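Numbers restart at 1 for each chain; the letters A, B, ... are given by sequence-line order, proteins then strands.
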Amino acid sequence: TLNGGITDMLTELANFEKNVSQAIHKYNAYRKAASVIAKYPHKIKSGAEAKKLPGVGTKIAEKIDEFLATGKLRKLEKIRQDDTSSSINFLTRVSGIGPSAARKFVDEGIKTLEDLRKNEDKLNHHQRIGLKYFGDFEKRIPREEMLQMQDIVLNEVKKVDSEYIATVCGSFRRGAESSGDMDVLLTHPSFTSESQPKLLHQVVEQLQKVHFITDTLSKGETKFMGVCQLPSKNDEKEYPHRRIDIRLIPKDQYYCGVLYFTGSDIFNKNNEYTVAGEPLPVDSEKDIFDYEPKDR
DNA sequence: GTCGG
DNA sequence: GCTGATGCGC
DNA sequence: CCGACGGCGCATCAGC
Ligand SMILES: *P(=O)(O)OC[C@@H]1O[C@H](n2cc(F)c(N)nc2=O)CS1
Ligand SMILES: [Mn+2]
Ligand code: NA
Ligand code: NA
Ligand code: NA
Ligand code: NA
């Protein structure tokens, strides 16, 4: 809301550091700064005022000054008009195209999605899938669809083996009314940290079998990443294709896993598996609290 | 780019 | 053919 | 001044 022009500017500069300059620590400096300014409850009137906040320093303060005087940054204006840099930044929006792959393409004169379409042969598997669903992957998912998606996953996991346990984590578990993707945690009593069968593959295969899963970006023994889609009517309009992650965790580390991927971000910082220690037994998420998703 | 040893 | 490094997403 | 700044699974590349 307040400082939005400032926060948009910073997030834009951040994206240029990451995607074009390949300077990841500066990308995080701009994001840290964008985040503290976003939570600052006043409208900022000067650089010096901003500078007081942790993560805002001399250079960001002078930039805030230029923006406040002119509504612009010479530097950002210039790079947006720049064909190379601007194209590199844009292509990274395609899932599977990082900063390195974006620069090689634009060096060969491949600058748009149309150019990408004409050169399928030059893309790897992840990248074709990302191109194909380019607009779908940017859409958010309504809760209502997430509940329908949840219904399909719990039903089908349970069909393969009733001893599986599955939990849809992320913001959704925290009760959020939209979500960026679907993250699912899976375990099975026979998979323990000190032990294993194709417990991921059988679940992925059942969901492909009923046409919930439509494509595969990556798939190993522990982690699957891919695309899914709700069924529609022949009459009604098609659902967008959605991202879905599935992680197989051992039973002991499960509730430690759930806790971690359920979050939120800020809440956790207050490990994933959990002066070297010795591994404590957990039958539930509350054993950890001992040693509620919604209010987070 | 910002922080802090 | 194998291992170790890098790119990528999150 | 000058180094830290996050870790991990999977796909794919570089190198032997
Ligand atoms: P995605 O569904 O965006 O995020 C869920 C989990 O959060 C963890 N996470 C996210 C992230 F963006 C970064 N950089 N690190 C990280 O550990 C793991 S996936
Ligand atoms: Mn997610
Ligand atoms: Na500051
Ligand atoms: Na990308
Ligand atoms: Na780049
Ligand atoms: Na995810």
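For the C1' atoms, the distance from D:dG9 to B:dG1 is 30 Å, rounded to whole Å. Distance noted for atom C1' between D:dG6 and C:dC8: 15 Å (whole Å).
Within the structure, every pair that satisfies the ring-ring contact (aromatic ring centres under 6.0 Å, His included) test and touches residues 220-245 of chain A, not counting sequence neighbours, is listed here: A:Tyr133-A:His241.
Residue whose closest nucleotide on DNA chain D sits further toward the 5' end, between A:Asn28 and A:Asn124: A:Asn28.
Within the nucleic acid shown, A:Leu53 comes within 4.0 Å of sugar-phosphate atoms alone, with no base atom in reach, counting heavy atoms only. Backbone-only engagement by A:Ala101 is indicated by non-hydrogen atom pairs under 4.0 Å involving sugar-phosphate atoms exclusively. Heavy atoms of A:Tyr30 sit under 4.0 angstrom from primed sugar atoms or phosphate atoms, though from no base atom. Across all strands shown, A:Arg31 has no heavy atoms under 4.0 Å from either base or sugar-phosphate atoms. Within 4.0 Å (heavy atoms only), A:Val36 reaches no atom of the nucleic acid at all. In this structure, A:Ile24 reaches neither bases nor backbone, as no heavy-atom distance under 4.0 Å exists between it and the strands shown.
Looking at heavy atoms from C-beta onward, A:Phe105 lies in side-chain contact with A:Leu91 at the 4.5 angstrom threshold.
Closest approach to the A:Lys59 side chain among B:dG1, C:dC8, C:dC10 is made by B:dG1 (side chain taken as heavy atoms from C-beta onward). Nearest nucleotide to the A:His125 side chain, out of D:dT12, C:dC8, C:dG9: D:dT12. Minimum atom distance to the side chain of A:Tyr273 is reached by D:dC8, of the listed C:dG9, B:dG1, D:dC8. Here the side chain of A:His25 is nearest to one of C:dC10, D:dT12, B:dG1, namely B:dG1.
Of the residues in residues 215-230 of chain A, those lying under 4.0 Å from DNA chain D by heavy-atom distance are A:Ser218, A:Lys219, A:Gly220, A:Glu221, A:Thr222, A:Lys223. DNA chain C lies under 4.0 Å from no heavy atom of any residue of residues 172-201 of chain A.
At a threshold of 4.0 Å, the pair A:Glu145-A:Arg242 counts as salt-bridged, since one of the basic side-chain nitrogens sits closer than that to a carboxylate oxygen. The existence of a salt bridge linking A:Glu66 and A:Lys63 is excluded, since no basic side-chain nitrogen approaches an acidic carboxylate oxygen closer than 4.0 Å.
In this structure, A:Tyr40 has its ring center closer than 6.0 angstrom to the ring center of A:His42.
Between the CZ atom of A:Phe261 and the P atom of D:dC8 there is a distance of 11 Å, given to the nearest Å.
A:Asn3 places a side-chain N or O within 3.5 Å of a backbone atom of A:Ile44 that can act as its donor or acceptor partner.
The only member of A:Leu217, A:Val184, A:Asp181 that meets side chain to side chain contact (heavy atoms under 4.5 Å, CB included) when paired with A:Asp245 is A:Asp181.
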